[PDB]
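Q: build me a structure from this.
(chains A, B and C, ligands or ions: 11)
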Amino acid sequence: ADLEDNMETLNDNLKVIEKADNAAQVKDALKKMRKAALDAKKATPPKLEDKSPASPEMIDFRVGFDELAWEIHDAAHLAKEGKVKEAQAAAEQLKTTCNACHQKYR
Amino acid sequence: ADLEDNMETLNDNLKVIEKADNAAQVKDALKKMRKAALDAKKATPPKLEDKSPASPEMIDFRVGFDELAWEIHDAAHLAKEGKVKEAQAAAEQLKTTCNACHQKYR
Amino acid sequence: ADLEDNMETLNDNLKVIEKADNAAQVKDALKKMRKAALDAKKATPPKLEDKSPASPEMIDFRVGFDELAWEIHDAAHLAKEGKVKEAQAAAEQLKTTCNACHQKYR
Ligand code: HEC
Ligand code: HEC
Ligand code: HEC
Ligand SMILES: [Cl-]
Ligand SMILES: [Cl-]
Ligand SMILES: [Cl-]
Ligand SMILES: [Cl-]
Ligand SMILES: [Cl-]
Ligand SMILES: [Cl-]
Ligand SMILES: [Cl-]
Ligand SMILES: [Cu+2]
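A: Numbers count the residues shown, from 1 in each chain, chains lettered A, B, ... in the order given. Ligands and ions are numbered 1, 2, ... in the order given. Sure, structure below:
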């Protein structure tokens, strides 16, 4: 999928997790977010289109999705551990990783 | 290792998982698959040899092994949770990720 | 952070794990190591500064941190499963991955 579609999937599933009742719902949404994060790794964001495809900026962009996927996975572990409120709280904390990349490249 | 050798390790361990008796056999095979997937990330596949090393095609190739590694890890989690036949079925479902990359680059 | 700073974080937390009393101490250190491993993925190491940014050597370098992150995560799983001394021993075994990269690129 294109970058913007993956970002809509990330944003939409944050709100799903926010309103989730149980851990299965949280787990399903985090799974969808992890897939979107890795798929977004394939894209070139408009503000880096003039950069080398392996410039430091593009590497930082791509590695940002590795960091987000690993952080999504930490939240999933908390859900799989039955700790739903903790997984939700962790899913909210993902915004700091969302924001860090946006501040540089959105 | 060679790309071809990593693919043999992926294929061989998919059949090991299919015939496995118990969770330890599944987890050991999935561990070997994850290692092969990440090692295959280092390679340039013959059909992309005339492409730039960070062309969209090479990124898509490399990210495909991130996606496979994460999907392998999901199956390992199910095995770690004792859900053996669920892990085996998940390992069978990896073939859709195997085929998606093959369709494009094999 | 600097590549050098990330390497000191990996080294320091290996000794923290070696002396840890319980699983929360091991988990917290492994989390810091995984973060440093992925951040180190963004760097260009001195020995490869004259290589193209997606040369086979730079890919091998970056994928080495994917492999380390996954091995760190395997050790965390062992901690999260209460197997403290098994996680400590696994953290000690990470040195073979530290050494393999160092031999090529340090
Ligand atoms: C870099 C590593 C990013 C991470 C991590 C996240 N986002 Fe992002 N996002 C990024 C870019 C470069 C862009 C611009 C894309 C474009 O083509 O304009 C975006 C955009 C969004 C959007 C708006 C999409 C649009 O219509 O243009 C949203 C709603 C969004 N991002 C949400 C989002 C969330 C919730 C994230 C973490 C959970 C997140 N993004 C991570 C780069 C990166
Ligand atoms: C891209 C991201 C791939 C993924 C994911 C998987 N495979 Fe693959 N495979 C890929 C290529 C480009 C090639 C051709 C390599 C060559 O040098 O010809 C292959 C090849 C195979 C083979 C045959 C190996 C050979 O002797 O040439 C097998 C048996 C194979 N692949 C199996 C396999 C399985 C089971 C996968 C999922 C678990 C899988 N591959 C993923 C690229 C990619
Ligand atoms: C490549 C994939 C590496 C892996 C995996 C690890 N290290 Fe590393 N390290 C690497 C390079 C190219 C360098 C030299 C660059 C530099 O930072 O100087 C290093 C360096 C170190 C150092 C010295 C830091 C300094 O002040 O120069 C230490 C103490 C170190 N590395 C530790 C370390 C540990 C414990 C690792 C595994 C857990 C590890 N490194 C992995 C490249 C790579
Ligand atoms: Cl996950
Ligand atoms: Cl936007
Ligand atoms: Cl790259
Ligand atoms: Cl990568
Ligand atoms: Cl795994
Ligand atoms: Cl083939
Ligand atoms: Cl971890
Ligand atoms: Cu895990």
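
Q: okay, and residue A:99 sits in which element?
A: Following DSSP states H and E, one finds residue A:99 within helix A:95-105.

Q: that helix near ligand 1 at all?
A: Yes. Counting by CB under 6 Å from any ligand atom, ligand 1 is contacted by helix A:95-105 at A:97-98, A:101-102, A:105. All C-beta atoms are positioned from the backbone trio N, CA, C, and that covers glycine.

Q: show me what contacts the residue lying closest to residue A:64 once chain neighbours are set aside?
A: Closest residue to residue A:64 apart from its sequence neighbours, by CB to CB, 6 or more residues apart in numbering or on different chains: residue A:101 at 4.4 Å. Residues near residue A:101 by CB atoms under 8 Å, 6 or more residues apart in numbering or on different chains: A:61, A:64, A:68.

Q: got a PyMOL select line for the buried ones in the residues of helix A:95-105 next to ligand 1?
A: A single PyMOL command selects the buried members of those (16 or more other CB atoms under 10 Å in any protein chain shown):
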select buried, chain A and resi 97+98+101
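
Q: for the residues of helix A:95-105 next to ligand 1, which one is nearest ligand 6?
A: Of all these, ligand 6 sits closest to residue A:105, with 15.8 Å by CB to the ion.

Q: quick one: contacts for that closest one?
A: A:45, A:47-48, A:57, A:61.

Q: what's the answer for residue A:54, then?
A: B:53-54, C:52-54, C:58.

Q: dump those residues into CSV; add secondary structure and distance to ligand 4 as well.
A: Output for the contacts of residue A:54, formatted as CSV (DSSP: H, G, I helix; E, B strand; the rest coil; distance: CB to the ion, whole Å):
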residue, secondary structure, distance to ligand 4
B:53, coil, 29
B:54, coil, 27
C:52, coil, 33
C:53, coil, 29
C:54, coil, 28
C:58, helix, 28
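
Q: I'd like those as JSON lines, with distance to residue A:34 appended.
A: Output for the contacts of residue A:54, formatted as JSON lines (distance: CB to CB, whole Å):
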{"residue": "B:53", "distance to residue A:34": "26"}
{"residue": "B:54", "distance to residue A:34": "23"}
{"residue": "C:52", "distance to residue A:34": "30"}
{"residue": "C:53", "distance to residue A:34": "27"}
{"residue": "C:54", "distance to residue A:34": "25"}
{"residue": "C:58", "distance to residue A:34": "26"}
